[PDB]
Structure formats: C-alpha cells, structure tokens
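Q: Structure below; questions to follow.
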Amino acid sequence: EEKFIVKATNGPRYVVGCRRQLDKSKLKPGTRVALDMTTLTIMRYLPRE
Amino acid sequence: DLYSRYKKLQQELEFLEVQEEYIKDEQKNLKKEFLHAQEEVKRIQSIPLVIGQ
Amino acid sequence: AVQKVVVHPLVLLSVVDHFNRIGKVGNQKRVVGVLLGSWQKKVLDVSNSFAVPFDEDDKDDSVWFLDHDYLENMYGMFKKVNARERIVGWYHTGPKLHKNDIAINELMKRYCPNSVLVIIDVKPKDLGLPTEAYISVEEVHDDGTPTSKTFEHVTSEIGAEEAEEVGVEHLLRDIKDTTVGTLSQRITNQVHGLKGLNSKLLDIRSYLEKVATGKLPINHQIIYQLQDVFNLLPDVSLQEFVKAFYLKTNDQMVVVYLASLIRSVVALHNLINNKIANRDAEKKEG
Amino acid sequence: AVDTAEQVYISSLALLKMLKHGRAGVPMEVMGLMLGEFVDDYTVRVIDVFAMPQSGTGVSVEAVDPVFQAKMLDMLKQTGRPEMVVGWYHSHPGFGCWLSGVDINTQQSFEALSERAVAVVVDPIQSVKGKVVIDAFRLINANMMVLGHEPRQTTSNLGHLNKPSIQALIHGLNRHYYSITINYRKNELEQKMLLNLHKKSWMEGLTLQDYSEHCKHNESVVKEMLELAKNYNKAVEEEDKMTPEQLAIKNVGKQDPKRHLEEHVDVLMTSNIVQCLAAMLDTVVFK
Ligand SMILES: [Zn+2]
C-alpha cells in the first residue's frame with residue numbers, strides 16, 4: 001500500500017515510493033501519475049483526457 | 001633443568017594468559033564491524049529500480 | 001505559526017569554519033552570521049548560508065556592526081545561482097543572550113520578515129542539543145509589563161537530505177546507526193541517566209539560586225506551573241498499576257519462553273555436529 | 001625538469017560544498033571554484049569553495065566572468081578569507097567523469113597561472129550512496145611523451161589510487177592522462193563537534209522523551225510484531241519438523257542455503273527490547 005509499481009510511456013517499468021505530502025486517497029491504482037528524475041518521487045498525478 | 005622448567009613455563013603461562021583480553025577484543029569488535037559492513041551492503045539495495053526478466 | 005524547524009549540520013560546520021579561520025586573534029567574541037532557508041513551506045528547512053563580519057565594544061554593550069551592502073550582494077548572488085532559497089533570520093555563537101540582540105534582530109525585523117534566532121556554544125562541551133530555535137514574536141504579558149520582543153522556544157531536529165548523510169558517515173567511520181540489538185540499546189540505557197543528571201544538575205542549582213537570591217522580574221509565574229508539573233505525580237502507590245505490572249511481567253515470561261525455545265532449536269545443529277563430525281573425523285583420522 | 005610527489009588535502013568544507021554542488025549536479029552544465037594557500041610545492045590545501053550561476057552556454061572559458069570573479073575574490077579579501085584560487089571544479093553527469101575537448105582546453109587556459117590547477121569532478125547521479133569516494137584529476141605535459149609518463153615517488157599510494165578499478169576508462173584513457181591521490185584532515189574540534197551533533201541527531205532533545213513512548217508501546221505495537229514473529233518462526237518450525245528426516249537420511253552436504261539460525265537469533269535480539277526497557281520502566285516508576 002505504501003509502495004507500488006509504475007509504467008512509463010516509453011515502455012520500461014519501474015517502482016517508486018510514497019511522498020509525505022500526498023495521501024493514499026489518490027494513490028489508488030487506475031490513475032496515471034507523474035514522477036521525478038531524482039529519487040523517483042511524486043509531485044502530483046496526471047489525469048487522463 | 002627440572003626445577004627450571006617451572007620458572008621457564010611461567011612465561012608461557014603469562015603469554016597464553018595475555019591472549020584472553022585480545023581474543024575478547026577481536027570477538028567483540030569484529031562482530032560490530034560485521035553488522036557495520038552488513039548494513040553497508042544492505043543500504044546499497046534501494047526500493048526504486050527497474051524490473052527486468 | 002511554525003511548529004518545528006529543520007536544521008542541517010552544514011551551518012554548524014560553518015561555525016566550525018568560523019572557529020577555523022580565526023587564526024589566533026585574541027578577541028574571539030560573538031560572531032553574527034546570516035542564516036538562509038525556505039520560509040515558503042510551514043516547516044523551516046536550512047540548506048546553506050554565508051558569513052558577515054560582526055564586531056562589538058568592550059564596555060558599551062549597545063554597539064553592533066552589520067553590513068547592508070555585503071548582505072545584499074551575497075544574497076543577490078546566492079539568489080542568482082539558486083532561486084530555491086531566500087533569507088530567513090540570523091544566528092550567533094554566543095553562549096549568553098545579550099540585551100542588544102533585540103536591536104540587532106530589529107534590523108532584519110524591519111527589512112526582512114520575522115527572523116528566527118539560534119543560540120549555540122563556542123566550545124562543544126554541551127552534551128545536550130547545541131541548536132535552539134527561538135522565534136521572534138510579540139506576546140501579551142499577564143503581569144501588565146510593556147510589550148516587548150519575546151523569544152519563544154521552538155522544537156528542532158538535526159537531519160540531512162540525501163548526500164550529506166553519506167558524507168558525514170564517510171568522514172566519521174566511527175558513529176553507528178540505530179542497529180537494533182543489545183549494545184546499541186544498552187548504551188543508551190546506561191548513558192541516558194548521565195544525560196539527565198548533568199543537565200538537571202546544571203539547571204536546578206542556578207534555578208534554586210536565582211529564585212531566592214535574585215531580581216529582574218522574568219515572570220516566575222510559569223515556574224509555579226513547573227512545580228505543578230513536579231506535583232502531577234504525588235507518589236503513586238502503584239496499587240492500581242499492579243495489573244499492568246502483571247501484564248508486563250507476563251510479556252517478560254513470553255520473552256523467556258521465546259528465548260528458551262528458539263535457543264533450544266539452535267542448539268540442535270550444534271549438539272549434532274559436535275558429535276557426528278568429531279567421531280567421523282576421529283575414526284577417519286588414522 | 002623536476003617532479004615531486006603531490007597529495008591533495010580535502011576537508012569537510014569542500015566535501016559538503018561539493019555535496020550541495022551534487023544537489024546542484026543537474027544535467028545542466030555548472031561551474032565551480034576552489035580556494036586555498038600554497039605553503040610549498042608538494043602539498044596543496046583547499047578551504048574556500050563556492051558555486052557558480054548556471055548558463056545556457058554550459059562549461060566554457062567564455063562562461064567565466066573575469067570582472068565578477070575578481071569582484072567576488074576582492075569581497076573575500078576584505079573578509080576573513082585571504083586565499084588565492086587553487087583551481088576550479090565542475091560536474092559531468094551521465095556521460096562519465098572524464099574530460100572532453102572544451103574542458104581540457106579551458107583547463108589548459110586556466111592552468112596558465114597556477115602550475116598545479118587541481119581538477120575535481122563530482123558525479124553523484126550514477127554514484128551509489130554507499131560510497132562518496134571521489135577521484136581528483138591532473139594534467140600531464142605534452143612534452144613528456146618522449147621520457148617516462150609519471151616521474152612521481154611514493155608508489156605505495158597507487159594501491160589507494162586503485163579505487164577506480166574500472167577496466168575501461170582507466171587504461172583506456174590512460175594516454176596523456178593520469179590522477180592523484182586523495183587524503184583528508186580532522187582535528188579534535190571538528191571530531192567532537194560533529195560526533196556530538198550526529199549522536200544528538202540520532203538522539204532526542206531531552207533524550208527521555210521517545211524512550212518511555214516505545215516502553216509503553218511494547219504492550220500495543222511490539223506485541224503484534226511479536227505475534228508475526230511467532231508466525232514466521234512457526235513457518236520455519238513446520239519445515240524443522242521435516243528436517244530430522246533428512247538428518248536421518250543424508251547428512252552429507254547442504255542443499256539448503258537457508259541458515260535458519262542467525263535470523264531467529266535476530267528475532268531474539270528484537271525480543272530483548274522488552275527486557276532492556278523493563279529496567280527502564282522500573283527506573284521510571286521508582287524515581
Ligand atoms: Zn555533457
């Protein structure tokens with residue numbers, strides 16, 4: 001629940017952790033998110049259109 | 001040499017006795033260094049990574 | 001406003017640099033530097049800082065020397081290279097709090113926003129936390145004394161972001177991590193008594209002295225609440241806590257069972273090998 | 001035509017500043033400077049180290065502003081930092097820590113003043129947090145190609161310079177290129193201060209705060225962890241019921257990599273917390 005698996009658009013797969021800012025509300029699967037080049041943290045998510 | 005064997009052996013007694021605190025130091029320190037290196041190679045492993053096959 | 005702040009070792013090591021570049025002056029008075037950080041977020045975070053020359057007078061304590069040009073230049077260039085950090089407040093290495101410090105902080109109270117004051121020691125003989133974060137605010141006094149700048153204690157923690165931990169750990173190669181076990185815990189369980197001992201001994205003596213033997217009404221009123229806290233525990237007879245002691249000792253019994261059983265499991269391979277290996281080695285020896 | 005053995009002295013100052021420069025070590029090319037004082041030929045000490053504002057041009061000899069340089073240096077002269085620049089440092093993220101054409105050219109241009117010109121390249125990006133160890137760089141002369149490469153004494157430190165054991169870049173780029181050893185310096189003040197500060201960093205303010213917390217959490221939190229511990233231990237024991245059969249069959253060789261011992265020992269180590277905090281609770285209750 002704390003750490004999940006992410007899928008990049010380019011096709012390689014990775015895994016990240018959980019930032020102390022965001023909560024487990026939007027952390028649920030089925031939602032496209034965003035990552036950082038350093039430490040692979042999460043600033044926010046990426047809502048589909 | 002018969003009575004001298006005692007006094008000559010006493011040196012070996014002290015020499016074998018002095019190794020006690022030594023092996024104490026070794027066994028107490030090298031385990032701390034063991035867990036040190038263990039956590040050193042443990043912290044190498046990180047959660048973020050790439051998944052292969 | 002700010003519940004807690006984060007102070008990185010880098011600034012205190014910059015104070016170590018202040019004690020470095022001295023070069024045997026023969027003055028070595030208090031030196032006021034300029035602390036930098038992020039006031040945007042609720043929690044304060046210290047990254048890096050710089051140093052400005054600060055001098056005072058022997059007799060007159062109202063003498064304080066700062067520089068506006070050097071400050072604007074250093075902060076200007078620092079903002080030029082890094083826009084993620086701005087000005088917050090200042091700090092001094094003086095063990096004692098001077099009366100002129102309100103006038104020294106008044107400048108940054110005017111030009112800049114509210115500044116936080118940090119007091120450290122010149123000689124690291126203090127076992128306790130060297131860094132004390134003091135916020136500058138104006139509070140209403142109950143006794144009716146005129147409104148003045150009051151320093152309130154703010155809790156703080158010493159930590160690093162990413163690489164600083166590695167740098168420190170590499171430069172030291174002495175200190176050990178948490179390392180749950182016997183020695184790491186028992187060391188704390190030993191020395192903590194002294195940690196409380198030296199502190200309390202250094203405190204309650206000067207306290208007892210200055211209360212009866214002294215003046216300048218620092219508002220002793222809070223110390224009645226101190227003594228009240230000391231009276232919050234009127235020697236409980238533990239009679240109600242007997243069941244709790246029973247549960248704790250029961251958990252102790254659980255620890256006993258677990259230890260005995262597990263060690264009994266470990267003894268298997270040893271008390272097998274000690275026989276089967278020795279007898280085979282002996283019979284195959286000759 | 002004389003050459004001695006040089007060793008670069010590195011303090012915690014430049015190290016930490018290069019760690020902040022490591023946070024500044026973004027793929028955008030950055031500039032840095034190092035200052036110090038030369039007591040003699042074969043020793044070099046660095047003290048004052050700062051960063052430089054980023055640019056779109058990247059690392060170049062044109063990127064460095066001479067008037068701004070001399071200005072900041074003068075501002076350091078009026079202050080308590082009377083040290084001349086001993087060289088310059090930078091970062092080379094992701095393409096390796098080696099030096100390109102422009103880099104060695106601006107190095108050639110910046111070494112016109114100082115014969116030493118210490119070159120330091122930090123790349124925390126692909127560098128694991130396990131080791132912060134860095135390797136300083138040097139520039140060999142182009143007229144020494146006829147004679148031997150490195151006429152340096154004290155060959156005992158080459159094993160300490162063997163830390164970059166990579167089988168590619170070293171003897172691959174070894175032509176007209178080499179490195180220099182790195183050592184540190186620490187006094188009693190820095191030692192005691194940093195040790196006390198770090199110990200306090202791993203400790204609490206009054207130090208009596210978060211202890212009793214866990215002491216009273218032993219009956220709530222730890223208990224569940226003890227239950228899970230018993231679950232895993234039982235999960236081992238069910239196999240331990242199968243073990244004496246194998247011990248009654250083979251006994252020759254070990255096909256099981258699982259030790260089954262040290263882990264349970266560690267479980268006991270976690271179980272000793274209750275015993276260790278018991279005396280703590282006793283001291284709290286007593287006085
Ligand atoms: Zn590049």
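In the structure tokens, each chain is lettered A, B, ... as it comes, each chain's residues begin at 1, and ligands are numbered from 1 in order of appearance.
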Give me, as a ChimeraX atom specification, the residues of chain B touching chain D, with the criterion being at most 8 Å (counting only C-alpha atoms).
A: /B:40-41,43-44
Q: Tell me, as a list in words, which residues lie within 12 Å of residue C:102, counting only C-alpha atoms; anything in the same chain fewer than 3 positions away does not count.
A: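 So, after excluding close chain neighbours, the residues are residues 62, 64, 90, 97, 98, 99, 105, 106, 107, 108, 109, 110, 115, 116, 117, 136, 137, 138, 148, 149, 150 and 151 of chain C.
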Q: Output N, CA, C and O atoms for every residue in the selection just made, as a short mmCIF file (atom, residue, chain, number, x, y, z; two decimals), in the first residue's frame.
A:
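Generated file (again22.cif):
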data_model
loop_
_atom_site.label_atom_id
_atom_site.label_comp_id
_atom_site.auth_asym_id
_atom_site.auth_seq_id
_atom_site.Cartn_x
_atom_site.Cartn_y
_atom_site.Cartn_z
N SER C 62 25.76 48.19 23.68
CA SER C 62 24.79 48.62 22.68
C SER C 62 25.41 48.73 21.29
O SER C 62 24.73 49.06 20.33
N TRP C 64 26.74 47.38 17.91
CA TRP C 64 26.61 46.25 16.99
C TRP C 64 26.90 46.68 15.56
O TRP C 64 26.43 47.73 15.12
N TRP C 90 18.93 35.24 11.45
CA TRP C 90 20.35 35.20 11.78
C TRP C 90 20.62 34.32 13.00
O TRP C 90 19.69 33.77 13.60
N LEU C 97 22.65 35.32 26.15
CA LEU C 97 21.77 36.20 25.38
C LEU C 97 21.92 37.65 25.82
O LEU C 97 21.53 38.02 26.93
N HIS C 98 22.48 38.47 24.94
CA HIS C 98 22.68 39.89 25.23
C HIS C 98 21.41 40.70 25.03
O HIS C 98 20.52 40.31 24.26
N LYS C 99 21.32 41.83 25.72
CA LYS C 99 20.16 42.71 25.64
C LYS C 99 20.10 43.43 24.29
O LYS C 99 19.03 43.83 23.84
N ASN C 105 18.35 42.19 15.97
CA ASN C 105 17.30 41.48 15.24
C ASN C 105 16.25 42.44 14.68
O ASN C 105 15.49 42.09 13.78
N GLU C 106 16.21 43.65 15.23
CA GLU C 106 15.24 44.66 14.81
C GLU C 106 15.45 45.05 13.34
O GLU C 106 14.49 45.35 12.63
N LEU C 107 16.71 45.04 12.91
CA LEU C 107 17.05 45.39 11.53
C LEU C 107 16.40 44.42 10.55
O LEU C 107 15.71 44.83 9.61
N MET C 108 16.61 43.12 10.78
CA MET C 108 16.02 42.09 9.94
C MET C 108 14.52 41.97 10.20
O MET C 108 13.80 41.34 9.43
N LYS C 109 14.06 42.57 11.30
CA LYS C 109 12.63 42.63 11.59
C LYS C 109 11.98 43.70 10.73
O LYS C 109 10.80 43.61 10.38
N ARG C 110 12.76 44.73 10.38
CA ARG C 110 12.28 45.80 9.52
C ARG C 110 12.41 45.43 8.05
O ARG C 110 11.41 45.31 7.34
N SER C 115 12.31 37.03 11.93
CA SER C 115 13.52 36.21 11.94
C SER C 115 13.57 35.27 13.14
O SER C 115 13.10 35.60 14.22
N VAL C 116 14.16 34.10 12.92
CA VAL C 116 14.34 33.12 13.99
C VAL C 116 15.77 33.21 14.54
O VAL C 116 16.73 33.33 13.77
N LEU C 117 15.90 33.15 15.86
CA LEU C 117 17.21 33.28 16.50
C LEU C 117 17.71 31.92 16.98
O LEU C 117 16.97 31.15 17.58
N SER C 136 10.80 34.95 16.98
CA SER C 136 10.62 36.31 17.48
C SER C 136 9.20 36.80 17.26
O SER C 136 8.79 37.06 16.13
N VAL C 137 8.45 36.93 18.35
CA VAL C 137 7.06 37.39 18.29
C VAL C 137 6.74 38.31 19.46
O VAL C 137 7.46 38.35 20.45
N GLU C 138 5.64 39.05 19.33
CA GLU C 138 5.19 39.94 20.40
C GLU C 138 3.98 39.34 21.11
O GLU C 138 2.90 39.22 20.52
N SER C 148 7.14 43.87 24.57
CA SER C 148 8.50 43.82 24.03
C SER C 148 8.73 42.51 23.30
O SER C 148 7.93 41.57 23.42
N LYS C 149 9.81 42.44 22.53
CA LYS C 149 10.16 41.23 21.80
C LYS C 149 10.46 40.08 22.75
O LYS C 149 11.28 40.20 23.65
N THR C 150 9.78 38.95 22.54
CA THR C 150 9.94 37.79 23.40
C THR C 150 10.38 36.57 22.60
O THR C 150 9.79 36.25 21.56
N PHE C 151 11.41 35.89 23.08
CA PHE C 151 11.93 34.70 22.40
C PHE C 151 11.27 33.43 22.92
O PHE C 151 11.42 33.08 24.09
#
Q: Output the neighbourhood of ligand 1 as a PyMOL selection string, that is, all protein and nucleic acid residues with some atom at most 10 Å from the ligand, counting only C-alpha atoms and all ligand atoms.
A: chain D and resi 27-29+58-59+91-97+99-100
Q: I need the contact residues of chain D against chain A, so if you could list those with any atom within 12 Å, counting only C-alpha atoms, and return them as a list in words, that would help.
A: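 Residues of chain D within 12 Å of chain A, counting only C-alpha atoms: residues 22, 23, 24, 25, 26, 27, 124, 125, 126 and 129 of chain D.
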Q: Compile the contact shell of residue C:222 as JSON, numbers by chain: residues with an atom at most 12 Å away, counting only C-alpha atoms, same-chain residues fewer than 5 positions apart removed.
A: {"C": [141, 142, 143, 217, 227, 228, 229]}
Q: Report as a list in words the set of chain C residues whose atoms approach chain A to within 12 Å, with distances computed over only C-alpha atoms.
A: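 Residues of chain C within 12 Å of chain A, counting only C-alpha atoms: residues 41, 161, 162 and 163 of chain C.
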Q: Per residue of chain B within 12 Å of chain A, what are the shortest atom pair and its distance in Å to one decimal, counting only C-alpha atoms, with rows by chain and residue number, as JSON lines?
A:
{"residue": "B:46", "atom": "CA", "partner": "A:39", "partner_atom": "CA", "distance": 10.1}
{"residue": "B:47", "atom": "CA", "partner": "A:16", "partner_atom": "CA", "distance": 7.0}
{"residue": "B:48", "atom": "CA", "partner": "A:16", "partner_atom": "CA", "distance": 5.1}
{"residue": "B:49", "atom": "CA", "partner": "A:14", "partner_atom": "CA", "distance": 5.7}
{"residue": "B:50", "atom": "CA", "partner": "A:14", "partner_atom": "CA", "distance": 4.7}
{"residue": "B:51", "atom": "CA", "partner": "A:13", "partner_atom": "CA", "distance": 5.9}
{"residue": "B:52", "atom": "CA", "partner": "A:13", "partner_atom": "CA", "distance": 8.2}
{"residue": "B:53", "atom": "CA", "partner": "A:13", "partner_atom": "CA", "distance": 11.1}
Q: So how far away is atom CA of residue C:130 from atom CA of residue C:210, in Å?
A: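 These atoms are spaced 23.4 Å apart.
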Q: If you measure from atom CA of residue D:31 to atom CA of residue D:51, what distance in Å do you get, rounded to one decimal?
A: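 Going from atom CA of residue D:31 over to atom CA of residue D:51, I get 6.6 Å.
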